[PDB]
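The structure appears below as structure tokens.
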Amino acid sequence: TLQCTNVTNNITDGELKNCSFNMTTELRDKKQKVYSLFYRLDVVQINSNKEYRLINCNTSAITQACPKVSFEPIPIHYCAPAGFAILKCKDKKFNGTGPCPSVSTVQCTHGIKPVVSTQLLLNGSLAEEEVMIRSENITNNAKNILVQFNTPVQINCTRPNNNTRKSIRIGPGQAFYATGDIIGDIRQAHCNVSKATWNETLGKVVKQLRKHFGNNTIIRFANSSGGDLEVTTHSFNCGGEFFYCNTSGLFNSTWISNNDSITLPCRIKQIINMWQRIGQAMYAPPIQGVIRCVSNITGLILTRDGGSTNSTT
Amino acid sequence: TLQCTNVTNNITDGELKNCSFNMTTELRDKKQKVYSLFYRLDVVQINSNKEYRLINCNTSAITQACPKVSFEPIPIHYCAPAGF
Amino acid sequence: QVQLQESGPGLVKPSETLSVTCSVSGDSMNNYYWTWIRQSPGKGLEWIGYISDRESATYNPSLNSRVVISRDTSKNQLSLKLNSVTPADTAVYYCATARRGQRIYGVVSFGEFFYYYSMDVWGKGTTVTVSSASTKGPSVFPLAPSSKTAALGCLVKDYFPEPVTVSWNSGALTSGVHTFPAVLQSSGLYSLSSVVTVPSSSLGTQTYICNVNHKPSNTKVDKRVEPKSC
Amino acid sequence: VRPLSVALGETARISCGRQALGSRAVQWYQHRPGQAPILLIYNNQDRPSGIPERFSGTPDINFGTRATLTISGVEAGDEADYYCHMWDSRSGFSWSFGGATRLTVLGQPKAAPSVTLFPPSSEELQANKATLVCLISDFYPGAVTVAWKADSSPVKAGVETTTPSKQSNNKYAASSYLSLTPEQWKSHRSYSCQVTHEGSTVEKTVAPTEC
Ligand SMILES: *[C@@H]1O[C@H](CO[C@@H]2O[C@@H](C)[C@@H](O)[C@@H](O)[C@@H]2O)[C@@H](O[C@@H]2O[C@H](CO)[C@@H](O[C@@H]3O[C@H](CO[C@H]4O[C@H](CO)[C@@H](O)[C@H](O)[C@@H]4O[C@@H]4O[C@H](CO)[C@@H](O[C@@H]5O[C@H](CO)[C@H](O)[C@H](O)[C@H]5O)[C@H](O)[C@H]4NC(C)=O)[C@@H](O)[C@H](O[C@H]4O[C@H](CO)[C@@H](O[C@@H]5O[C@H](CO)[C@@H](O[C@@H]6O[C@H](CO)[C@H](O)[C@H](O)[C@H]6O)[C@H](O)[C@H]5NC(C)=O)[C@H](O)[C@@H]4O[C@@H]4O[C@H](CO)[C@@H](O)[C@H](O)[C@H]4NC(C)=O)[C@@H]3O)[C@H](O)[C@H]2NC(C)=O)[C@H](O)[C@H]1NC(C)=O
Ligand SMILES: *[C@@H]1O[C@H](CO)[C@@H](O[C@@H]2O[C@H](CO)[C@@H](O[C@@H]3O[C@H](CO[C@H]4O[C@H](CO[C@H]5O[C@H](CO)[C@@H](O)[C@H](O)[C@@H]5O[C@H]5O[C@H](CO)[C@@H](O)[C@H](O)[C@@H]5O)[C@@H](O)[C@H](O[C@H]5O[C@H](CO)[C@@H](O)[C@H](O)[C@@H]5O)[C@@H]4O)[C@@H](O)[C@H](O[C@H]4O[C@H](CO)[C@@H](O)[C@H](O)[C@@H]4O[C@H]4O[C@H](CO)[C@@H](O)[C@H](O)[C@@H]4O[C@H]4O[C@H](CO)[C@@H](O)[C@H](O)[C@@H]4O)[C@@H]3O)[C@H](O)[C@H]2NC(C)=O)[C@H](O)[C@H]1NC(C)=O
Ligand SMILES: *[C@@H]1O[C@H](CO)[C@@H](O[C@@H]2O[C@H](CO)[C@@H](O[C@@H]3O[C@H](CO[C@H]4O[C@H](CO)[C@@H](O)[C@H](O[C@H]5O[C@H](CO)[C@@H](O)[C@H](O)[C@@H]5O)[C@@H]4O)[C@@H](O)[C@H](O[C@H]4O[C@H](CO)[C@@H](O)[C@H](O)[C@@H]4O[C@H]4O[C@H](CO)[C@@H](O)[C@H](O)[C@@H]4O)[C@@H]3O)[C@H](O)[C@H]2NC(C)=O)[C@H](O)[C@H]1NC(C)=O
Ligand SMILES: *[C@@H]1O[C@H](CO)[C@@H](O[C@@H]2O[C@H](CO)[C@@H](O[C@@H]3O[C@H](CO[C@H]4O[C@H](CO)[C@@H](O)[C@H](O)[C@@H]4O)[C@@H](O)[C@H](O[C@H]4O[C@H](CO)[C@@H](O)[C@H](O)[C@@H]4O)[C@@H]3O)[C@H](O)[C@H]2NC(C)=O)[C@H](O)[C@H]1NC(C)=O
Ligand SMILES: *[C@@H]1O[C@H](CO)[C@@H](O[C@@H]2O[C@H](CO)[C@@H](O[C@@H]3O[C@H](CO[C@H]4O[C@H](CO)[C@@H](O)[C@H](O)[C@@H]4O)[C@@H](O)[C@H](O[C@H]4O[C@H](CO)[C@@H](O)[C@H](O)[C@@H]4O)[C@@H]3O)[C@H](O)[C@H]2NC(C)=O)[C@H](O)[C@H]1NC(C)=O
Ligand SMILES: *[C@@H]1O[C@H](CO)[C@@H](O[C@@H]2O[C@H](CO)[C@@H](O[C@@H]3O[C@H](CO[C@H]4O[C@H](CO)[C@@H](O)[C@H](O)[C@@H]4O)[C@@H](O)[C@H](O[C@H]4O[C@H](CO)[C@@H](O)[C@H](O)[C@@H]4O)[C@@H]3O)[C@H](O)[C@H]2NC(C)=O)[C@H](O)[C@H]1NC(C)=O
Ligand SMILES: *[C@@H]1O[C@H](CO)[C@@H](O[C@@H]2O[C@H](CO)[C@@H](O[C@@H]3O[C@H](CO[C@H]4O[C@H](CO)[C@@H](O)[C@H](O)[C@@H]4O)[C@@H](O)[C@H](O[C@H]4O[C@H](CO)[C@@H](O)[C@H](O)[C@@H]4O)[C@@H]3O)[C@H](O)[C@H]2NC(C)=O)[C@H](O)[C@H]1NC(C)=O
Ligand SMILES: *[C@@H]1O[C@H](CO)[C@@H](O[C@@H]2O[C@H](CO)[C@@H](O)[C@H](O)[C@H]2NC(C)=O)[C@H](O)[C@H]1NC(C)=O
Ligand SMILES: *[C@@H]1O[C@H](CO)[C@@H](O[C@@H]2O[C@H](CO)[C@@H](O)[C@H](O)[C@H]2NC(C)=O)[C@H](O)[C@H]1NC(C)=O
């Protein structure tokens, strides 16, 4: 049970809770009155000031990621043993399905960074000539549509908060990294995108879509219809913290047949159940100082709509 | 926390401590007032008589070697496979 | 040439409405924000409240909502009233203007900034005294100079409360004016003195009228100073 | 209030009362007693017009630096109350200016006190009262003990002395008063106001028998 108070700001409202609580020490009998800070997505209140508890505690056990291991992606080349080999389809405009004109063999794929991200794809492979649009089936709106860019889209993501990290002794050998104070101004995480190149890429795509729908037609963009936070917003790990950014401003557009930058409000979570596997959750420790990272946006995952009006848009 | 007293000798000084302490049982609620002896290198005092604690407890987790396994050395012949 | 001038009541009984007005000069009332400030004897400075272009007043919560502020666009007269006054409220009151600074650190779309106020132009600082003791007007006598640059003046005796302003020839004699601290008698009655310097050849030819004003008692005295009959 | 004192011509520096939390907008002000207050610093470093550049503040370089004024070339006219109005992104609305650092600049030359005495006017003596006033001016420092003498003997009865207070010339002034009646006024040969300044004395004496 967590005694949480809202965070010290001059009104204009918390997301972040200054939660005192009793802990244990390396001594089995002596206990430890401590406090930490948590984002609201990690805690849930439990019904004087309001007491709280971690959102996982009631479903899934929780472990604190080792602070030494890094979540940073690394290019991985998958390889084939003797008697087997890998085939690299090389033709430029290639919809991933059907035969391939130019076929070459390698024993190993290229460097592949396992980027774990939802909605937006980052740091990935670009397409050749036109931007290729691949979906196992488009008639099936339910089949997700995967997009490959010819040009990367820059994005600048920060956690603009200089972060203290307290290490708490629950041992022997067991140590919990809490959050001390933010140092100075409290700002919320965000990402920026050149509104220009962004809207430029929306059009380069929409001209690639009418190739599959009408010579003259209308195309509209909307934010996610619903789901978990991982789907409704853009999940990604920036600098060790796990970000979730409101993309409603990216998908709020309409297209007919014929200088500044956007900014995306982001949310950070620490208790993580990624891959949704109940029973087991990971608590990511906090990252010290202000976080910043920058990525080439290189692809997309999108869903269509339904019968509705026939051919209007 | 360990209630340690120096060991019973006629002066001429301990290295060894007669440490009482509460323990747990197989019953999750019932607890166990017990005592043991320890060499001073295993304990460290922690600031009435002086209370103590194991020197590791603050850095490293601790496990009790299985009493069945022996630490006695045994002649080992390292060997090479075919081709080496 | 924006100027500020107060108008104090000079004395109010405890638990009575304390009215003060600060006359606005040199511009209009709608370009900036407005504020009032006080200082109690022996204590420090104290911020009271402010009011903006759209006239919504905003007070310091430490006042228990006993304060009300009003402007007057036509009059260019900023008003001020204080009900339920206490003797501890005796102080010296100013008026000033508020520039709304906006300190921006992070992103504006998220409002990562704040509003601050700095005080540029100032009032003169009239004096008021919350007291339940009956008012006391000043007693005026013309101090006669010496017959041997000499000295002459006027006496202000046993007035309650402060302030009392002394002017020579209705504001015509400036150089030489030295007014001195008003003593606190054991009777709780003030006594001050004002003095101005002149050459030795102007006595009898020049007429010196000290002009005394005790506004609490509405006491305005145009007293004349003459040399001794010897 | 927080005491402080710097000599003449030196470089002065004043630390703020509270401490910064988030980015800041620091306001410094100066209060001459009886006068109106004066703004010196807004926006950490921005100086308004007409303010001496002897006075420099602390720009916002993202924290570290504490809010502090810098007065190069301290003068005698630098004696007043000092308030640091702090504003930041966290602590909130600042209704208070923090503590008062009352600066006292010393090292000034000594001035001979200007002492002068007055007799009871004819208009006041006609009102069955008598009073003697003694005004001291143009002296540094303001350490004076005002004394009266009936002929050659001291008098403590009805002695009202005002505390020496600075004038506009950075020199103290005080007024002394003596409650009396017209009969005791005309009863003694001569009355004297004694103003001893730094062991030296500037005394003035009046007599009812002299024009
Ligand atoms: C959430 O979170 C949060 C946060 O925290 C933070 O962050 C984090 C992250 C980390 O980092 C941490 O650390 C931090 O903290 C939390 O909260 C909170 O916070 C805060 C901040 O700050 C904090 O506080 C702090 O603390 C410290 C400590 O202190 C203490 O101790 C000491 C020793 O060491 C001492 O000295 C003191 O005093 C204190 O206390 C004390 O104690 C004792 C013992 O216990 C007591 O006694 C008692 O008594 C009674 C009767 O009365 C009985 O007898 C009994 O028995 C006994 O015992 C006493 O009393 C006490 N005292 C008092 C007074 O009370 C420290 O260090 C610090 O402080 C410092 O600093 C500051 C400055 O900065 C100063 O001053 C201050 O100031 C301010 C302003 O500025 C003020 O405020 C004010 O107040 C008033 C009233 O009074 C009003 O209200 C107004 O309006 C306001 O403004 C304040 O008060 C003050 N303070 C005082 C204390 O006074 C101070 O003082 C200091 O300094 C110094 O001082 C001196 C005087 O004294 C001077 O002279 C000098 O000069 C100076 N120096 C300098 C350099 O400055 C602070 O305070 C806390 O702790 C925290 N808490 C905790 C628990 O932790 C929270 O909690 C969370 N939450 C949850 C839920 O979780
Ligand atoms: C994603 O995208 C996001 C959206 O774009 C983006 O968010 C942005 O984040 C950044 C931070 O990373 C934010 O940047 C801050 O912005 C502030 C605003 O800066 C502008 O304005 C100031 C001041 O302008 C005022 O004054 C002039 C003069 O009167 C007026 O013309 C102005 O209108 C305004 O005046 C107001 O008040 C007047 C009353 O007096 C009114 O008359 C008037 O109408 C106004 O209301 C300018 O100085 C700035 O110029 C700077 O930038 C331009 C180009 O933009 C350059 O050409 C130029 O050289 C300058 O660099 C600008 O126009 C800044 O306050 C802020 O910088 C201060 O804060 C930070 C944080 O604490 C400090 O580190 C820094 O030192 C600064 O503090 C100094 O400056 C301020 C302001 O003067 C002072 O308050 C402070 O005391 C201190 O000043 C002292 O030291 C200085 C040197 O250290 C010196 O300059 C001073 O003179 C003094 O000595 C900072 O830059 C930004 O707001 C966010 N939003 C946007 C929309 O951009 C996000 O980062 C992106 N993320 C990623 C990953 O991409
Ligand atoms: C899409 O791709 C882009 C580009 O590929 C990614 O952008 C990356 O963003 C991450 C954050 O998400 C950045 O990582 C952090 O960057 C820090 C900067 O390091 C540089 O500066 C320091 C000091 O000048 C140098 O020493 C570094 O040199 C190191 O790397 C070079 C190779 O570039 C090697 O040659 C050197 O030998 C060094 O190894 C860099 O030039 C960096 O501090 C930080 O690493 C610390 O933090 C992690 C945990 O957060 C620790 O595990 C690690 O040990 C480091 O800790 C040290 O430093 C910190 C201070 O930062 C201290 O607190 C510690 O005490 C300790 O000393 C981390 O690497 C990265 O810079 C940036 N660029 C690249 C090319 O990766 C996007 O993220 C990616 N997007 C997604 C979604 O994946
Ligand atoms: C970490 O864990 C500890 C222990 O669980 C928590 O602290 C205890 O909290 C309880 C709940 O409030 C406290 O109980 C209160 O005790 C008072 C009597 O205490 C006396 O005796 C104790 C020793 O037993 C002394 O330490 C103490 O000085 C007193 O002399 C009562 O006054 C309280 O009941 C009355 O008051 C409350 C309002 O305060 C009313 O709501 C009640 O109806 C009633 O009128 C109350 O029962 C207890 O004292 C605390 N301390 C202990 C046991 O040492 C921490 O809060 C917890 N921290 C976390 C979770 O962050
Ligand atoms: C998603 O993937 C599916 C296949 O997995 C593709 O769906 C095909 O879409 C077309 C058009 O909707 C369908 O083709 C039409 O089917 C008629 C009869 O279907 C029977 O016969 C076919 C064998 O051809 C069997 O596979 C099927 O099970 C049925 O038993 C034919 O009569 C049609 O031919 C005539 O009509 C069309 C217009 O009506 C003309 O264009 C033709 O030239 C011709 O005159 C026609 O072939 C097809 O059945 C669907 N296949 C399946 C297996 O369901 C989607 O196209 C794909 N989505 C995208 C975006 O690629
Ligand atoms: C992802 O991104 C989308 C789009 O950015 C967000 O949607 C926004 O949601 C908020 C929250 O409701 C909406 O904010 C509303 O805006 C009004 C603006 O107030 C002033 O502003 C305009 C002009 O600046 C003036 O005309 C207006 O009169 C006001 O002066 C407020 O009126 C609203 O708050 C008030 O109304 C509600 C009742 O509706 C009351 O309950 C409140 O207490 C309060 O009085 C309100 O804040 C905003 O409009 C939405 N925009 C869009 C495009 O939908 C999503 O929130 C975001 N999602 C995530 C998960 O981040
Ligand atoms: C194993 O764990 C137990 C429990 O933690 C420890 O035994 C307890 O030790 C504490 C600390 O001394 C004892 O507390 C003392 O209690 C007295 C009051 O006790 C009355 O009530 C209890 C029930 O609550 C009855 O059992 C008892 O008969 C009494 O009627 C107080 O007298 C004591 O305070 C006063 O005396 C001491 C000196 O003795 C002074 O220092 C104090 O300032 C004060 O004047 C004291 O608080 C407690 O009674 C013990 N027994 C329990 C809880 O049952 C073991 O020591 C521990 N063994 C280990 C670690 O090896
Ligand atoms: C992807 O493109 C390939 C060709 O690159 C298409 O393959 C055709 O598939 C049909 C079966 O529906 C075969 O009969 C044709 O012979 C294939 N054509 C060629 C040129 O090989 C395939 O339909 C495309 N799929 C999508 C989803 O776009
Ligand atoms: C994201 O940040 C990068 C670098 O942090 C920006 O690229 C730089 O932009 C500055 C101007 O802000 C230029 O002077 C540099 O030459 C650029 N460098 C490189 C390597 O491109 C980029 O513009 C930022 N993007 C957004 C959308 O804010």
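For the structure tokens, the naming scheme is as follows: chains receive sequential letters (A, B, ...) according to their order of presentation, residues are indexed from 1 within each chain, and ligands are indexed from 1 in presentation order.
For residue 139 in chain D, the non-local neighbours within 7 Å, defined as residues at least 4 positions apart in the same chain or in other chains and counting only C-alpha atoms, are residues 110, 111, 112, 113, 171 and 172 of chain D.
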### Query
Mind listing the residues within 7 Å of ligand 1, only C-alpha atoms and all ligand atoms counted, as a ChimeraX atom specification?
/A:3-5,18-20,35-36,180-181 /D:18-19
Selection to disk with C-alpha atoms, as a CSV table (one decimal), in the first residue's frame:
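Contents of selection07.csv, freshly written:
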```csv
chain,number,residue,atom,x,y,z
A,3,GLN,CA,0.8,6.8,0.5
A,4,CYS,CA,0.8,8.9,-2.7
A,5,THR,CA,0.5,12.7,-2.8
A,18,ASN,CA,5.3,11.3,-4.5
A,19,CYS,CA,4.5,8.0,-2.7
A,20,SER,CA,5.8,7.2,0.7
A,35,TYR,CA,9.2,7.2,-0.7
A,36,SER,CA,9.5,7.3,-4.5
A,180,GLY,CA,14.3,11.0,-6.4
A,181,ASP,CA,13.4,14.5,-7.3
D,18,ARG,CA,14.8,31.8,-0.9
D,19,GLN,CA,16.3,29.5,-3.5
```
### Message
Using DSSP secondary structure from the backbone, list all strand (DSSP E) positions within range 31-135 of chain C, as a PyMOL selection string.
### Response
chain C and resi 33-39+45-51+57-59+67-68+77-78+81-82+91-104+113-122+126-130
### Query
Could you name the residues that touch range 90-106 of chain A at 6 Å or less, counting only C-alpha atoms, but leaving out those on the same chain fewer than 4 positions away, as a ChimeraX atom specification?
/A:86,128,134
#### Entry: Shell of 7 Å around ligand 4 (only C-alpha atoms and all ligand atoms), written as a list in words
residues 1, 2, 3, 20, 21, 22 and 33 of chain A
#### Entry: residue 69 in chain D environment, 8 Å, only C-alpha atoms, sequence neighbours closer than 2 positions dropped, as a PyMOL selection string
chain D and resi 12-15+28+55-58+67+71
How would the residues just chosen look if you wrote them out with C-alpha atoms as an mmCIF file, in the first residue's frame?
```cif
data_model
loop_
_atom_site.group_PDB
_atom_site.id
_atom_site.type_symbol
_atom_site.label_atom_id
_atom_site.label_comp_id
_atom_site.auth_asym_id
_atom_site.auth_seq_id
_atom_site.Cartn_x
_atom_site.Cartn_y
_atom_site.Cartn_z
ATOM 1 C CA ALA D 12 28.638 44.646 -3.317
ATOM 2 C CA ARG D 13 26.700 41.416 -3.875
ATOM 3 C CA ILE D 14 23.383 40.381 -2.279
ATOM 4 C CA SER D 15 22.106 36.807 -2.128
ATOM 5 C CA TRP D 28 14.997 42.891 -6.967
ATOM 6 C CA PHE D 55 23.962 46.847 -10.306
ATOM 7 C CA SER D 56 24.153 43.518 -12.151
ATOM 8 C CA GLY D 57 22.072 40.434 -11.448
ATOM 9 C CA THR D 58 22.087 36.695 -12.135
ATOM 10 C CA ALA D 67 19.729 34.791 -7.512
ATOM 11 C CA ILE D 71 26.749 46.429 -6.872
#
```
Need the shell around range 44-59 of chain C: protein/DNA/RNA residues with any atom at most 7 Å away, counting only C-alpha atoms. Skip same-chain ones fewer than 3 positions apart. Format as an mmCIF file with N, CA and C atoms, in the first residue's frame?
```cif
data_model
loop_
_atom_site.group_PDB
_atom_site.id
_atom_site.type_symbol
_atom_site.label_atom_id
_atom_site.label_comp_id
_atom_site.auth_asym_id
_atom_site.auth_seq_id
_atom_site.Cartn_x
_atom_site.Cartn_y
_atom_site.Cartn_z
ATOM 1 N N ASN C 30 -6.368 51.251 -19.017
ATOM 2 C CA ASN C 30 -6.586 49.952 -19.642
ATOM 3 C C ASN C 30 -5.338 49.364 -20.296
ATOM 4 N N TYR C 32 -2.421 48.504 -18.606
ATOM 5 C CA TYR C 32 -1.586 47.719 -17.697
ATOM 6 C C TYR C 32 -2.455 47.130 -16.586
ATOM 7 N N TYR C 33 -1.795 46.536 -15.593
ATOM 8 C CA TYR C 33 -2.419 45.987 -14.398
ATOM 9 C C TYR C 33 -2.099 46.884 -13.204
ATOM 10 N N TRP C 34 -2.937 46.799 -12.172
ATOM 11 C CA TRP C 34 -2.896 47.723 -11.045
ATOM 12 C C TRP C 34 -2.750 46.964 -9.732
ATOM 13 N N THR C 35 -2.130 47.608 -8.738
ATOM 14 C CA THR C 35 -1.847 46.952 -7.463
ATOM 15 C C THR C 35 -1.657 47.981 -6.349
ATOM 16 N N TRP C 36 -1.859 47.518 -5.105
ATOM 17 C CA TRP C 36 -1.656 48.294 -3.880
ATOM 18 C C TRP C 36 -0.774 47.506 -2.913
ATOM 19 N N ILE C 37 -0.025 48.222 -2.064
ATOM 20 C CA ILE C 37 0.952 47.608 -1.158
ATOM 21 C C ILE C 37 1.065 48.453 0.112
ATOM 22 N N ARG C 38 1.325 47.789 1.248
ATOM 23 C CA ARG C 38 1.416 48.438 2.560
ATOM 24 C C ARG C 38 2.677 48.000 3.307
ATOM 25 N N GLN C 39 2.978 48.720 4.395
ATOM 26 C CA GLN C 39 4.014 48.340 5.354
ATOM 27 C C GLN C 39 3.626 48.819 6.746
ATOM 28 N N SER C 40 3.452 47.872 7.675
ATOM 29 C CA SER C 40 3.164 48.166 9.070
ATOM 30 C C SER C 40 4.439 48.601 9.795
ATOM 31 N N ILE C 69 -11.343 45.859 -4.266
ATOM 32 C CA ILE C 69 -10.636 46.822 -5.106
ATOM 33 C C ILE C 69 -11.499 47.169 -6.313
ATOM 34 N N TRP D 95 3.602 35.925 -3.402
ATOM 35 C CA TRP D 95 3.034 37.098 -2.758
ATOM 36 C C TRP D 95 4.025 37.805 -1.841
ATOM 37 N N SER D 96 5.196 37.222 -1.610
ATOM 38 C CA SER D 96 6.166 37.767 -0.675
ATOM 39 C C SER D 96 7.490 38.022 -1.376
#
```
### Message
Show me, as an MDAnalysis selection string, every residue of chain A with an atom at most 8 Å from chain D, counting only C-alpha atoms.
### Response
chainID A and resid 8:11 183:186
### Task
Have a look at atom 55 (C, counted along the ligand's line) of ligand 3 and CA of residue 75 in chain A and let me know their distance in Å, one decimal.
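Taking atom 55 (C, counted along the ligand's line) of ligand 3 as the start and CA of residue 75 in chain A as the end point, the length is 18.6 Å.
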### Task
Select the residues contacting ligand 2 at a distance of at most 7 Å, based on only C-alpha atoms and all ligand atoms, then format the selection as a PyMOL selection string.
(chain A and resi 156-158+191-192+261+263) or (chain C and resi 101-109) or (chain D and resi 23-25+43-46+59-62)
### Within 8 Å of ligand 9, counting only C-alpha atoms and all ligand atoms, residues as a PyMOL selection string
chain A and resi 154-156+192-195+261-262+294
For the selection you just gave me, I'd like the residues written to a file as a compact mmCIF listing (two decimals), in the first residue's frame, keeping N, CA and C atoms.
```
# COMPACT_ATOMS: atom_id res chain seq x y z
N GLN A 154 12.62 12.21 -39.83
CA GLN A 154 13.27 12.48 -38.55
C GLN A 154 12.23 12.75 -37.48
N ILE A 155 12.55 12.34 -36.26
CA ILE A 155 11.72 12.63 -35.09
C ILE A 155 12.65 12.80 -33.90
N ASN A 156 12.38 13.81 -33.08
CA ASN A 156 13.22 14.14 -31.93
C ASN A 156 12.40 13.97 -30.66
N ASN A 192 9.00 15.73 -31.72
CA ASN A 192 8.75 16.71 -32.76
C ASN A 192 8.97 16.07 -34.13
N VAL A 193 8.21 16.55 -35.11
CA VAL A 193 8.35 16.16 -36.50
C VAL A 193 8.15 17.40 -37.36
N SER A 194 9.03 17.58 -38.35
CA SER A 194 8.88 18.68 -39.29
C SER A 194 7.52 18.59 -39.97
N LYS A 195 6.60 19.48 -39.57
CA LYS A 195 5.25 19.47 -40.12
C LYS A 195 5.28 19.44 -41.64
N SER A 261 7.11 22.83 -37.01
CA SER A 261 7.11 21.40 -36.74
C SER A 261 6.01 21.05 -35.75
N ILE A 262 5.51 19.82 -35.88
CA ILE A 262 4.51 19.29 -34.97
C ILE A 262 5.21 18.89 -33.68
N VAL A 294 16.61 10.31 -31.21
CA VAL A 294 16.20 10.75 -32.53
C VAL A 294 16.21 9.54 -33.46
```
Give me, as a short mmCIF file (atom, residue, chain, number, x, y, z; two decimals) with N, CA, C and O atoms, in the first residue's frame, the set of residues whose atoms come within 9 Å of any atom of ligand 7, counting only C-alpha atoms and all ligand atoms.
```cif
data_model
loop_
_atom_site.label_atom_id
_atom_site.label_comp_id
_atom_site.auth_asym_id
_atom_site.auth_seq_id
_atom_site.Cartn_x
_atom_site.Cartn_y
_atom_site.Cartn_z
N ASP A 29 14.29 -8.09 10.20
CA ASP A 29 13.30 -7.53 11.09
C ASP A 29 13.14 -6.03 10.88
O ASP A 29 12.01 -5.53 10.82
N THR B 1 19.25 -8.90 13.02
CA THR B 1 20.01 -8.33 14.12
C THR B 1 20.32 -9.42 15.15
O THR B 1 19.45 -10.20 15.53
N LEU B 2 21.57 -9.46 15.61
CA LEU B 2 22.07 -10.56 16.43
C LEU B 2 22.49 -10.04 17.80
O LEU B 2 23.35 -9.16 17.89
N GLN B 3 21.92 -10.61 18.85
CA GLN B 3 22.36 -10.30 20.21
C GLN B 3 23.54 -11.21 20.53
O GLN B 3 23.36 -12.36 20.92
N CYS B 4 24.75 -10.68 20.37
CA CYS B 4 25.97 -11.45 20.56
C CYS B 4 26.61 -11.08 21.88
O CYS B 4 26.74 -9.89 22.20
N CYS B 19 25.60 -15.77 19.99
CA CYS B 19 24.62 -14.82 19.48
C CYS B 19 23.23 -15.42 19.51
O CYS B 19 22.92 -16.33 18.75
N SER B 20 22.37 -14.87 20.37
CA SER B 20 20.95 -15.17 20.32
C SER B 20 20.27 -14.31 19.26
O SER B 20 20.72 -13.21 18.93
N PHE B 21 19.18 -14.84 18.71
CA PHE B 21 18.43 -14.13 17.67
C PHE B 21 17.11 -14.85 17.43
O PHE B 21 17.00 -16.05 17.67
N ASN B 22 16.13 -14.10 16.95
CA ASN B 22 14.85 -14.67 16.57
C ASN B 22 14.92 -15.24 15.16
O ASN B 22 15.52 -14.64 14.26
N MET B 23 14.31 -16.41 14.97
CA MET B 23 14.30 -17.11 13.69
C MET B 23 12.85 -17.46 13.35
O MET B 23 11.93 -17.20 14.12
N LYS B 31 7.51 -17.94 15.37
CA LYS B 31 8.91 -17.61 15.25
C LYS B 31 9.72 -18.26 16.37
O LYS B 31 9.17 -18.89 17.28
N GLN B 32 11.04 -18.10 16.29
CA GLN B 32 11.96 -19.04 16.92
C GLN B 32 13.09 -18.25 17.57
O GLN B 32 13.97 -17.74 16.87
N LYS B 33 13.08 -18.16 18.89
CA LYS B 33 14.19 -17.55 19.62
C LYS B 33 15.30 -18.59 19.75
O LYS B 33 15.17 -19.56 20.51
N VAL B 34 16.39 -18.41 19.00
CA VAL B 34 17.50 -19.35 18.99
C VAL B 34 18.81 -18.58 19.18
O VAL B 34 18.84 -17.35 19.18
N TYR B 35 19.89 -19.34 19.35
CA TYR B 35 21.22 -18.76 19.42
C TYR B 35 22.21 -19.67 18.72
O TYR B 35 22.03 -20.89 18.66
N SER B 48 22.73 -1.84 27.79
CA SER B 48 22.47 -2.68 26.63
C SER B 48 23.76 -3.34 26.13
O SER B 48 24.85 -2.77 26.28
N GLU B 51 24.50 -5.43 19.53
CA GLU B 51 23.87 -6.25 18.51
C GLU B 51 24.76 -6.32 17.27
O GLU B 51 25.61 -5.46 17.05
#
```
### Task
Would you mind listing the residues within 9 Å of ligand 3, counting only C-alpha atoms and all ligand atoms, as number ranges by chain?
A: 67-74, 113-117, 121-124, 157-158, 236-241, 287-289, 291-297
### Query
Please, which residues have at least one atom within 12 Å of an atom of ligand 6, using only C-alpha atoms and all ligand atoms, listed as JSON, numbers by chain?
{"A": [12, 13, 188, 189, 190, 222, 223, 224, 225, 226, 227, 228, 229, 230, 231, 232, 233, 234, 244, 245, 246, 247, 248, 249, 250, 251, 252, 253, 262, 263, 264, 265, 266, 267], "C": [109, 110]}
